[PDB]
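The data block below is coords_13.tsv; it holds TSV, C-alpha atoms.
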chain	number	residue	atom	x	y	z
A	1	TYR	CA	-18.62	26.77	7.76
A	2	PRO	CA	-18.85	29.87	5.54
A	3	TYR	CA	-16.02	28.69	3.26
A	4	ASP	CA	-14.62	25.35	2.09
A	5	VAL	CA	-10.89	24.75	2.65
A	6	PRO	CA	-8.65	23.77	-0.29
A	7	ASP	CA	-6.16	20.91	0.07
A	8	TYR	CA	-2.82	22.09	1.44
A	9	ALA	CA	-0.70	20.26	-1.19
B	2	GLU	CA	-11.61	6.42	18.07
B	3	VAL	CA	-11.03	7.12	14.35
B	4	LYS	CA	-12.21	4.34	12.06
B	5	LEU	CA	-12.46	4.03	8.26
B	6	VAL	CA	-14.19	1.05	6.59
B	7	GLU	CA	-14.01	0.56	2.80
B	8	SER	CA	-16.44	-1.54	0.76
B	9	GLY	CA	-17.50	-2.09	-2.86
B	10	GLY	CA	-14.42	-4.03	-3.98
B	11	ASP	CA	-15.14	-6.60	-6.71
B	12	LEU	CA	-14.16	-8.23	-10.05
B	13	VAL	CA	-14.77	-5.73	-12.94
B	14	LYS	CA	-15.21	-6.50	-16.67
B	15	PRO	CA	-12.79	-4.90	-19.15
B	16	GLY	CA	-13.61	-1.20	-19.41
B	17	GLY	CA	-16.29	-1.58	-16.71
B	18	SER	CA	-17.50	0.70	-13.91
B	19	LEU	CA	-17.36	0.37	-10.13
B	20	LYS	CA	-18.20	2.48	-7.03
B	21	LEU	CA	-16.34	2.18	-3.72
B	22	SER	CA	-17.49	3.67	-0.46
B	23	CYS	CA	-15.85	4.28	2.87
B	24	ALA	CA	-17.84	4.70	6.13
B	25	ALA	CA	-16.16	7.13	8.58
B	26	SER	CA	-16.58	7.21	12.37
B	27	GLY	CA	-15.07	8.51	15.60
B	28	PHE	CA	-14.49	12.05	14.30
B	29	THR	CA	-16.47	14.96	12.89
B	30	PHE	CA	-16.52	13.91	9.20
B	31	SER	CA	-17.46	17.31	7.74
B	32	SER	CA	-14.40	18.99	9.26
B	33	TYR	CA	-11.73	16.87	7.41
B	34	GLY	CA	-10.67	16.35	3.81
B	35	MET	CA	-10.44	12.72	2.60
B	36	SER	CA	-8.38	10.74	0.06
B	37	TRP	CA	-8.18	7.48	-1.83
B	38	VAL	CA	-4.76	5.81	-2.24
B	39	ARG	CA	-4.20	2.46	-4.03
B	40	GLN	CA	-1.55	-0.25	-3.81
B	41	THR	CA	-0.89	-2.36	-6.86
B	42	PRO	CA	0.21	-6.06	-6.90
B	43	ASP	CA	3.86	-4.91	-7.23
B	44	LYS	CA	3.42	-3.02	-3.87
B	45	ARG	CA	3.73	0.50	-5.28
B	46	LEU	CA	1.51	3.13	-3.67
B	47	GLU	CA	-0.31	5.61	-5.87
B	48	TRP	CA	-2.49	8.56	-4.78
B	49	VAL	CA	-5.90	8.38	-6.53
B	50	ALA	CA	-7.99	11.39	-5.39
B	51	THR	CA	-8.54	13.95	-2.67
B	52	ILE	CA	-11.68	15.85	-1.66
B	53	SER	CA	-12.05	18.97	0.48
B	54	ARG	CA	-14.06	18.88	3.73
B	55	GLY	CA	-17.07	20.62	2.14
B	56	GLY	CA	-16.92	18.62	-1.15
B	57	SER	CA	-16.30	21.66	-3.36
B	58	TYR	CA	-12.66	20.94	-4.34
B	59	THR	CA	-11.53	17.67	-5.90
B	60	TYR	CA	-8.03	16.64	-7.07
B	61	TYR	CA	-6.77	13.78	-9.20
B	62	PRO	CA	-3.51	12.67	-10.77
B	63	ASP	CA	-3.45	12.46	-14.63
B	64	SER	CA	-3.59	8.63	-14.56
B	65	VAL	CA	-7.24	8.69	-13.38
B	66	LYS	CA	-8.40	12.20	-14.34
B	67	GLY	CA	-11.62	12.15	-16.39
B	68	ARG	CA	-12.39	8.55	-15.33
B	69	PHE	CA	-12.59	8.63	-11.48
B	70	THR	CA	-15.00	10.81	-9.43
B	71	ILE	CA	-14.41	11.34	-5.66
B	72	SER	CA	-17.49	12.50	-3.72
B	73	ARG	CA	-18.76	12.63	-0.13
B	74	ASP	CA	-22.10	12.69	1.74
B	75	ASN	CA	-21.53	14.62	4.97
B	76	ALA	CA	-25.00	13.73	6.34
B	77	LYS	CA	-24.22	9.96	5.95
B	78	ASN	CA	-20.50	10.14	6.97
B	79	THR	CA	-19.58	8.32	3.73
B	80	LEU	CA	-16.77	8.91	1.18
B	81	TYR	CA	-17.21	7.58	-2.39
B	82	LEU	CA	-15.01	6.72	-5.39
B	83	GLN	CA	-16.85	6.13	-8.69
B	84	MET	CA	-14.51	4.59	-11.28
B	85	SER	CA	-15.12	4.45	-15.11
B	86	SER	CA	-13.25	2.94	-18.07
B	87	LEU	CA	-11.30	0.60	-15.82
B	88	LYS	CA	-8.27	-1.33	-17.11
B	89	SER	CA	-6.17	-4.16	-15.69
B	90	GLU	CA	-3.55	-1.69	-14.38
B	91	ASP	CA	-6.30	-0.22	-12.11
B	92	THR	CA	-6.17	-3.57	-10.24
B	93	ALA	CA	-5.18	-2.69	-6.66
B	94	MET	CA	-6.10	-2.62	-3.01
B	95	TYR	CA	-8.00	0.69	-2.63
B	96	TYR	CA	-7.56	2.51	0.76
B	97	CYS	CA	-9.51	5.53	1.95
B	98	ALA	CA	-7.57	7.84	4.27
B	99	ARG	CA	-8.24	10.98	6.24
B	100	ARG	CA	-6.66	14.19	5.07
B	101	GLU	CA	-5.13	15.96	8.10
B	102	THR	CA	-6.79	19.25	7.50
B	103	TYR	CA	-5.37	20.82	10.71
B	104	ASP	CA	-1.93	19.17	11.22
B	105	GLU	CA	-0.94	18.62	7.53
B	106	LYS	CA	1.27	15.60	8.25
B	107	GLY	CA	0.20	13.11	5.55
B	108	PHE	CA	-2.06	10.11	6.04
B	109	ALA	CA	-2.33	9.21	9.75
B	110	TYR	CA	-5.64	7.26	9.41
B	111	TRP	CA	-6.24	4.58	6.74
B	112	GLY	CA	-9.00	1.96	6.44
B	113	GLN	CA	-8.20	-1.75	5.98
B	114	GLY	CA	-8.79	-1.48	2.22
B	115	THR	CA	-10.98	-3.12	-0.43
B	116	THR	CA	-9.68	-5.26	-3.34
B	117	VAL	CA	-10.59	-4.28	-6.94
B	118	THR	CA	-9.60	-6.73	-9.71
B	119	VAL	CA	-10.02	-5.54	-13.37
B	120	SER	CA	-10.07	-7.98	-16.35
B	121	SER	CA	-7.74	-7.20	-19.27
B	122	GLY	CA	-9.29	-6.13	-22.64
B	123	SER	CA	-6.00	-7.13	-24.23
B	124	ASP	CA	-6.01	-10.63	-22.64
B	125	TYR	CA	-9.57	-11.11	-23.97
B	126	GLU	CA	-8.67	-9.95	-27.55
B	127	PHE	CA	-5.71	-12.31	-27.49
B	128	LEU	CA	-7.94	-15.41	-27.07
B	129	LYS	CA	-10.64	-14.43	-29.66
B	130	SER	CA	-10.06	-17.34	-32.05
B	131	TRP	CA	-8.89	-20.00	-29.61
B	132	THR	CA	-10.92	-23.21	-29.65
B	133	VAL	CA	-12.04	-25.05	-26.52
B	134	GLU	CA	-9.16	-27.54	-27.01
B	135	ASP	CA	-6.62	-24.69	-27.27
B	136	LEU	CA	-8.02	-23.07	-24.14
B	137	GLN	CA	-8.17	-26.21	-21.98
B	138	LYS	CA	-4.52	-26.97	-22.63
B	139	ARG	CA	-3.59	-23.38	-21.66
B	140	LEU	CA	-5.87	-23.51	-18.63
B	141	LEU	CA	-4.46	-26.83	-17.37
B	142	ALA	CA	-0.92	-25.50	-17.59
B	143	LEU	CA	-1.38	-22.94	-14.75
B	144	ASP	CA	-2.21	-24.75	-11.49
B	145	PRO	CA	0.83	-27.11	-11.56
B	146	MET	CA	3.02	-23.94	-11.73
B	147	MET	CA	1.05	-22.15	-8.99
B	148	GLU	CA	1.65	-25.17	-6.74
B	149	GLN	CA	5.38	-24.96	-7.30
B	150	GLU	CA	5.46	-21.24	-6.57
B	151	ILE	CA	3.52	-21.81	-3.36
B	152	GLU	CA	5.89	-24.60	-2.39
B	153	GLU	CA	8.86	-22.19	-2.75
B	154	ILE	CA	7.22	-19.66	-0.41
B	155	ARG	CA	6.38	-22.33	2.20
B	156	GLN	CA	9.80	-23.91	2.16
B	157	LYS	CA	11.57	-20.53	2.54
B	158	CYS	CA	9.24	-19.53	5.41
B	159	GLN	CA	9.71	-22.77	7.31
B	160	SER	CA	13.50	-22.40	6.92
B	161	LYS	CA	13.14	-19.10	8.90
B	162	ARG	CA	10.66	-20.63	11.35
B	163	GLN	CA	12.67	-23.83	12.13
B	164	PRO	CA	15.82	-22.24	13.76
B	165	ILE	CA	13.48	-20.32	16.15
B	166	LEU	CA	11.41	-23.40	17.02
B	167	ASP	CA	14.74	-25.21	17.68
B	168	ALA	CA	15.96	-22.51	20.11
B	169	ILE	CA	12.58	-22.86	21.94
C	2	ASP	CA	5.59	15.24	-11.25
C	3	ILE	CA	7.91	14.88	-8.26
C	4	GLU	CA	9.79	11.55	-8.28
C	5	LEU	CA	11.16	9.99	-5.07
C	6	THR	CA	14.06	7.57	-5.28
C	7	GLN	CA	14.48	5.23	-2.30
C	8	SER	CA	17.72	3.29	-1.89
C	9	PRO	CA	18.65	0.62	-1.33
C	10	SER	CA	15.53	-1.33	-2.49
C	11	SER	CA	16.13	-3.96	0.12
C	12	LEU	CA	18.59	-4.31	2.94
C	13	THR	CA	19.57	-7.36	4.90
C	14	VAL	CA	20.11	-6.60	8.60
C	15	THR	CA	21.20	-8.08	11.91
C	16	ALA	CA	19.33	-7.09	15.10
C	17	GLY	CA	21.00	-4.28	17.10
C	18	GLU	CA	22.68	-2.81	14.00
C	19	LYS	CA	22.24	0.77	12.81
C	20	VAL	CA	20.33	1.11	9.50
C	21	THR	CA	20.09	4.05	7.12
C	22	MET	CA	17.51	4.56	4.38
C	23	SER	CA	17.66	7.30	1.76
C	24	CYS	CA	14.92	9.18	-0.08
C	25	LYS	CA	16.07	11.61	-2.78
C	26	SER	CA	13.42	13.76	-4.49
C	27	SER	CA	13.51	15.40	-7.92
C	28	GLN	CA	12.16	18.72	-6.52
C	29	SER	CA	12.10	20.59	-3.22
C	30	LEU	CA	9.39	19.65	-0.69
C	31	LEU	CA	9.57	22.94	1.24
C	32	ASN	CA	6.15	24.34	2.21
C	33	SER	CA	7.08	28.01	1.70
C	34	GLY	CA	4.25	29.21	4.00
C	35	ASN	CA	5.81	27.63	7.10
C	36	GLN	CA	9.33	26.48	6.08
C	37	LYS	CA	8.78	22.81	6.89
C	38	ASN	CA	9.67	19.99	4.50
C	39	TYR	CA	6.43	18.09	3.85
C	40	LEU	CA	7.94	14.63	3.55
C	41	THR	CA	6.30	11.76	5.37
C	42	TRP	CA	7.72	8.28	6.05
C	43	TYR	CA	5.53	5.18	6.40
C	44	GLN	CA	6.07	1.62	7.61
C	45	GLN	CA	4.11	-1.27	6.14
C	46	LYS	CA	3.80	-4.81	7.41
C	47	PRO	CA	1.89	-7.69	5.75
C	48	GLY	CA	-1.92	-7.55	5.92
C	49	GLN	CA	-2.10	-3.91	6.92
C	50	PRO	CA	-2.14	-0.37	5.63
C	51	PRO	CA	0.98	1.79	5.74
C	52	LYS	CA	1.53	3.30	9.18
C	53	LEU	CA	2.65	6.91	9.52
C	54	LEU	CA	6.04	6.93	11.20
C	55	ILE	CA	7.56	10.40	10.68
C	56	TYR	CA	6.18	13.69	9.34
C	57	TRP	CA	7.46	17.12	8.35
C	58	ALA	CA	10.65	15.18	7.53
C	59	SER	CA	11.86	14.94	11.16
C	60	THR	CA	8.94	14.79	13.66
C	61	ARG	CA	8.19	11.38	15.11
C	62	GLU	CA	4.55	10.35	15.33
C	63	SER	CA	3.11	9.48	18.80
C	64	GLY	CA	3.92	5.96	19.92
C	65	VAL	CA	6.87	5.53	17.56
C	66	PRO	CA	10.08	4.29	19.30
C	67	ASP	CA	12.80	6.97	19.52
C	68	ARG	CA	15.25	4.60	17.75
C	69	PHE	CA	13.55	6.02	14.56
C	70	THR	CA	14.91	9.41	13.45
C	71	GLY	CA	13.94	11.32	10.29
C	72	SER	CA	16.33	13.96	8.90
C	73	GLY	CA	17.49	16.02	5.93
C	74	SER	CA	16.19	18.91	3.84
C	75	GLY	CA	15.93	20.20	0.28
C	76	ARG	CA	16.12	16.98	-1.72
C	77	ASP	CA	18.08	14.52	0.48
C	78	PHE	CA	16.14	12.80	3.25
C	79	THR	CA	17.07	9.91	5.51
C	80	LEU	CA	15.34	7.54	7.94
C	81	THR	CA	17.73	6.13	10.55
C	82	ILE	CA	17.15	3.20	12.94
C	83	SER	CA	19.76	3.47	15.72
C	84	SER	CA	19.31	-0.16	16.82
C	85	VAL	CA	17.06	-2.30	14.61
C	86	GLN	CA	14.60	-4.79	16.14
C	87	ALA	CA	12.98	-7.80	14.50
C	88	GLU	CA	9.64	-5.96	14.96
C	89	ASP	CA	10.99	-3.23	12.57
C	90	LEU	CA	11.18	-5.66	9.61
C	91	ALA	CA	8.88	-4.00	7.08
C	92	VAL	CA	8.69	-1.98	3.86
C	93	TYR	CA	9.51	1.74	4.41
C	94	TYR	CA	7.94	4.33	2.05
C	95	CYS	CA	8.58	8.08	1.78
C	96	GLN	CA	5.92	10.44	0.37
C	97	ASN	CA	5.89	13.88	-1.16
C	98	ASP	CA	3.00	15.51	0.69
C	99	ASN	CA	3.80	19.08	-0.38
C	100	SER	CA	2.40	19.37	-3.94
C	101	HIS	CA	0.11	17.55	-6.36
C	102	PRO	CA	0.31	14.92	-7.49
C	103	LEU	CA	1.10	13.27	-4.14
C	104	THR	CA	3.81	10.69	-4.84
C	105	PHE	CA	5.44	7.84	-3.00
C	106	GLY	CA	8.87	6.26	-3.24
C	107	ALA	CA	9.03	2.66	-4.34
C	108	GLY	CA	9.98	1.49	-0.87
C	109	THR	CA	12.96	0.12	1.01
C	110	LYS	CA	12.36	-3.40	2.42
C	111	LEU	CA	14.23	-4.55	5.56
C	112	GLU	CA	14.93	-8.28	5.83
C	113	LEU	CA	16.78	-10.39	8.40
C	114	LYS	CA	20.22	-11.87	7.58
C	115	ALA	CA	20.06	-15.74	7.54
C	120	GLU	CA	22.71	-19.72	15.90
C	121	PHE	CA	22.73	-16.00	16.86
C	122	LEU	CA	19.10	-16.39	18.05
C	123	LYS	CA	20.55	-17.40	21.48
C	124	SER	CA	21.12	-13.66	22.26
C	125	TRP	CA	17.44	-12.72	21.62
C	126	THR	CA	14.73	-12.66	24.24
C	127	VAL	CA	12.13	-15.42	24.21
C	128	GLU	CA	9.62	-12.58	23.80
C	129	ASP	CA	11.26	-11.32	20.60
C	130	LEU	CA	11.54	-14.88	19.26
C	131	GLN	CA	7.81	-15.59	19.77
C	132	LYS	CA	6.99	-12.20	18.20
C	133	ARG	CA	8.96	-13.18	15.09
C	134	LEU	CA	7.08	-16.54	14.87
C	135	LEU	CA	3.82	-14.61	15.07
C	136	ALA	CA	4.95	-12.13	12.33
C	137	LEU	CA	6.18	-14.89	9.96
C	138	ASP	CA	2.76	-16.56	9.73
C	139	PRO	CA	0.78	-13.60	8.19
C	140	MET	CA	3.79	-12.69	6.03
C	141	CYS	CA	3.88	-16.14	4.39
C	142	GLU	CA	0.12	-16.46	4.05
C	143	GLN	CA	-0.09	-13.02	2.34
C	144	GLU	CA	2.73	-14.02	-0.06
C	145	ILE	CA	0.85	-17.26	-0.80
C	146	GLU	CA	-2.51	-15.48	-1.27
C	147	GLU	CA	-0.88	-12.98	-3.69
C	148	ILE	CA	0.21	-16.00	-5.75
C	149	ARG	CA	-3.40	-17.32	-5.71
C	150	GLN	CA	-4.73	-13.87	-6.80
C	151	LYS	CA	-2.17	-13.61	-9.62
C	152	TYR	CA	-3.19	-17.07	-10.94
C	153	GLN	CA	-6.90	-16.17	-10.66
C	154	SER	CA	-5.99	-13.20	-12.87
C	155	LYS	CA	-4.22	-15.46	-15.40
C	156	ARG	CA	-7.12	-17.97	-15.40
C	157	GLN	CA	-9.89	-15.40	-15.78
C	158	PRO	CA	-9.67	-14.52	-19.50
C	159	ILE	CA	-9.32	-18.24	-20.31
C	160	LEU	CA	-12.44	-19.10	-18.30
C	161	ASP	CA	-14.22	-16.08	-19.88
C	162	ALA	CA	-13.26	-17.41	-23.34
C	163	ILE	CA	-14.45	-20.98	-22.56
C	164	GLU	CA	-17.78	-19.68	-21.17
C	165	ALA	CA	-18.34	-17.41	-24.20
C	166	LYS	CA	-19.74	-20.35	-26.27
Once you've parsed the file, please lay out its structure as structure tokens.
Amino acid sequence: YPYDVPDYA
Amino acid sequence: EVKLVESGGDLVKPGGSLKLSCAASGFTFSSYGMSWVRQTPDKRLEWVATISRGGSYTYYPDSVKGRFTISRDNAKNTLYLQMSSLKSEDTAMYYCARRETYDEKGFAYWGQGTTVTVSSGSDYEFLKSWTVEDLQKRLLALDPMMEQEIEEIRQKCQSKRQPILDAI
Amino acid sequence: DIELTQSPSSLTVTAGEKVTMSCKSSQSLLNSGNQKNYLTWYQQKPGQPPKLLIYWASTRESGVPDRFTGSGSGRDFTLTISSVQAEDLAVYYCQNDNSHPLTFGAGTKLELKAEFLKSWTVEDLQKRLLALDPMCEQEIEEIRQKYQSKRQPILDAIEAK
């Protein structure tokens, strides 16, 4: 993936 | 089928270090965040750490911040929790859990958990100048009381079991 | 930090009866992005991890009996069991899943009121016998672990000569 995904909380 | 298996759980010296790992399978590891959540002897649940899917964001509550490091190896499908400066209150069953990166519904998938027991620095200080005689007397006092506590549990359980056995 | 207050702490029940559990939170759990309340309810039985029961406050997880209903909004949340079964005896936890730090309530434990077992199915009676065994053995093992913990510094002190 080009970006990491932050936690939603 | 989604499966999480924790290991590393052990007895830790006062202020000691320990590393837990959790082997993931039955899903694409690299596409989901992961967490550690612990349950203390009093049964309270406490969130310990979360990691992003790529490893680049980590989160911790204040109680473990600076001491605990959550990491992952996406090639090996393994989640890690490195703990430092451990204290008796860090005694708990440690669970790894998947973070629902798409649905955002909480923890649907948990492993079976690994037990970490931490020795008390305080309890150790307390006994510094006890002699062998002092200590043996204290030691011998425990098991008779454990037996009586066990006997209470057994008797109460059988009192719930017996009425059912009698109906059948 | 968001604090979640679950009441009552325990609750004695009779099978068939309606039960009501309450989770009040110190702050809102509204995900502003999508207007859903990110509160999750879990069910825990002896020897196993908590099991997700209800999410987004009111959506039942797959495979959960429809006698479980989650409801409420803002700060006041409830878990209702329309007709409680002996298989539903467990500790119920709510969780703030909206904002860090993630936090759990302290739990509401359901227990059976101590004849009337004549009205139960033989199936439900055998299921209760099977559940009692791991419940008692976990309680007993927790006593052994506690006493290992009390013994340990004394054995450490004896050995340290």
Which neighbours of region 26-33 of chain C fall inside 8 Å, counting only C-alpha atoms, when residues of the same chain fewer than 3 positions from it are skipped, and could you give them as an mmCIF file with C-alpha atoms, in the frame of the given file?
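Listing of out.cif after writing:
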data_model
loop_
_atom_site.group_PDB
_atom_site.id
_atom_site.type_symbol
_atom_site.label_atom_id
_atom_site.label_comp_id
_atom_site.auth_asym_id
_atom_site.auth_seq_id
_atom_site.Cartn_x
_atom_site.Cartn_y
_atom_site.Cartn_z
ATOM 1 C CA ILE C 3 7.910 14.880 -8.260
ATOM 2 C CA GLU C 4 9.790 11.550 -8.280
ATOM 3 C CA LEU C 5 11.160 9.990 -5.070
ATOM 4 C CA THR C 6 14.060 7.570 -5.280
ATOM 5 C CA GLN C 36 9.330 26.480 6.080
ATOM 6 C CA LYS C 37 8.780 22.810 6.890
ATOM 7 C CA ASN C 38 9.670 19.990 4.500
ATOM 8 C CA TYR C 39 6.430 18.090 3.850
ATOM 9 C CA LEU C 40 7.940 14.630 3.550
ATOM 10 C CA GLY C 75 15.930 20.200 0.280
ATOM 11 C CA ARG C 76 16.120 16.980 -1.720
ATOM 12 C CA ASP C 77 18.080 14.520 0.480
ATOM 13 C CA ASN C 97 5.890 13.880 -1.160
ATOM 14 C CA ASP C 98 3.000 15.510 0.690
ATOM 15 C CA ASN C 99 3.800 19.080 -0.380
ATOM 16 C CA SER C 100 2.400 19.370 -3.940
#
Write down, as a compact mmCIF listing (two decimals) with C-alpha atoms, in the frame of the given file, each residue of chain B that has any atom within 9 Å of an atom of chain A, counting all atoms listed in the file.
# COMPACT_ATOMS: atom_id res chain seq x y z
CA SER B 32 -14.40 18.99 9.26
CA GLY B 34 -10.67 16.35 3.81
CA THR B 51 -8.54 13.95 -2.67
CA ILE B 52 -11.68 15.85 -1.66
CA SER B 53 -12.05 18.97 0.48
CA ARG B 54 -14.06 18.88 3.73
CA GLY B 55 -17.07 20.62 2.14
CA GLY B 56 -16.92 18.62 -1.15
CA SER B 57 -16.30 21.66 -3.36
CA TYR B 58 -12.66 20.94 -4.34
CA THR B 59 -11.53 17.67 -5.90
CA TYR B 60 -8.03 16.64 -7.07
CA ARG B 100 -6.66 14.19 5.07
CA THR B 102 -6.79 19.25 7.50
CA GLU B 105 -0.94 18.62 7.53
At most 9 Å is the cut-off: for each residue in chain B with any atom that close to an atom of chain C, write down the nearest atom pair and the distance in Å rounded to one decimal, counting only C-alpha atoms, chain first then increasing number, as CSV.
residue,atom,partner,partner_atom,distance
B:42,CA,C:147,CA,7.7
B:44,CA,C:107,CA,8.0
B:45,CA,C:107,CA,5.8
B:46,CA,C:105,CA,6.2
B:47,CA,C:104,CA,6.6
B:48,CA,C:103,CA,6.0
B:49,CA,C:103,CA,8.9
B:60,CA,C:101,CA,8.2
B:61,CA,C:102,CA,7.4
B:62,CA,C:102,CA,5.5
B:63,CA,C:102,CA,8.4
B:96,CA,C:50,CA,7.8
B:105,CA,C:39,CA,8.3
B:106,CA,C:56,CA,5.4
B:107,CA,C:98,CA,6.1
B:108,CA,C:53,CA,6.7
B:109,CA,C:53,CA,5.5
B:110,CA,C:52,CA,8.2
B:111,CA,C:50,CA,6.5
B:112,CA,C:50,CA,7.3
B:113,CA,C:50,CA,6.2
B:114,CA,C:50,CA,7.6
B:118,CA,C:154,CA,8.1
B:119,CA,C:154,CA,8.7
B:120,CA,C:158,CA,7.3
B:121,CA,C:158,CA,7.6
B:122,CA,C:158,CA,9.0
B:124,CA,C:158,CA,6.2
B:125,CA,C:158,CA,5.6
B:128,CA,C:162,CA,6.8
B:129,CA,C:162,CA,7.5
B:131,CA,C:162,CA,8.1
B:132,CA,C:163,CA,8.2
B:133,CA,C:163,CA,6.2
B:136,CA,C:159,CA,6.3
B:137,CA,C:163,CA,8.2
B:139,CA,C:159,CA,7.8
B:140,CA,C:159,CA,6.5
B:143,CA,C:152,CA,7.2
B:144,CA,C:152,CA,7.8
B:147,CA,C:152,CA,6.9
B:150,CA,C:148,CA,7.5
B:151,CA,C:145,CA,5.9
B:154,CA,C:145,CA,6.8
B:155,CA,C:141,CA,7.0
B:158,CA,C:141,CA,6.4
B:161,CA,C:115,CA,7.8
B:162,CA,C:134,CA,6.5
B:164,CA,C:120,CA,7.6
B:165,CA,C:130,CA,6.6
B:166,CA,C:134,CA,8.4
B:168,CA,C:123,CA,7.0
B:169,CA,C:127,CA,7.8
(message) What's the separation between CA of residue 97 (chain B) and CA of residue 26 (chain B), in Å to one decimal place?
(response) 12.7 Å
(request) Give me the residues within 8 Å of residue 59 (chain C) as a ChimeraX atom specification, counting only C-alpha atoms and dropping any in the same chain fewer than 5 places off. (result) /C:70-73
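When CA of residue 66 (chain B) is paired with CA of residue 98 (chain B), their separation reads 19.1 Å.
One distance worth recording is that between CA of residue 77 (chain B) and CA of residue 37 (chain B), which is 18.0 Å.
Ranking B:7, B:167, B:74, B:126 by their shortest atom-to-atom distance to residue 22 (chain B), with all atoms listed in the file included, puts B:7 first.
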(message) Give me, as number ranges by chain, all polymer residues having an atom no more than 7 Å from residue 12 (chain C), counting all atoms listed in the file and skipping those fewer than 5 positions away in the same chain.
(response) C: 110-112
(request) Kindly indicate which residue among C:61, C:35, C:9, C:74 lies nearest to chain A, using all atoms listed in the file for the distances. (result) C:35
Just need the box for region 122-131 of chain C, edges along x, y and z, holding every atom the file lists for it with 3 Å tacked onto each side, so centre and edge lengths in Å to one decimal, as lines of an AutoDock Vina configuration file.
center_x = 14.5
center_y = -14.4
center_z = 21.1
size_x = 19.3
size_y = 12.1
size_z = 12.2
(request) Please determine the residues with any atom at most 7 Å from (14.3, 3.9, 10.0) (coordinates as given in the file, with only C-alpha atoms counting) and report them as a PyMOL selection string. (result) chain C and resi 20-22+69-70+80-82
Using C-alpha atoms, can you export the residues from the last selection as a PDB file, keeping the file's coordinate frame?
ATOM      1  CA  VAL C  20      20.330   1.110   9.500  1.00  0.00           C
ATOM      2  CA  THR C  21      20.090   4.050   7.120  1.00  0.00           C
ATOM      3  CA  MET C  22      17.510   4.560   4.380  1.00  0.00           C
ATOM      4  CA  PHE C  69      13.550   6.020  14.560  1.00  0.00           C
ATOM      5  CA  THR C  70      14.910   9.410  13.450  1.00  0.00           C
ATOM      6  CA  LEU C  80      15.340   7.540   7.940  1.00  0.00           C
ATOM      7  CA  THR C  81      17.730   6.130  10.550  1.00  0.00           C
ATOM      8  CA  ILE C  82      17.150   3.200  12.940  1.00  0.00           C
TER       9      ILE C  82
END
(message) Considering all atoms listed in the file, can you say which of B:17, B:50, B:23, B:149 comes closest to residue 75 (chain B)?
(response) B:23
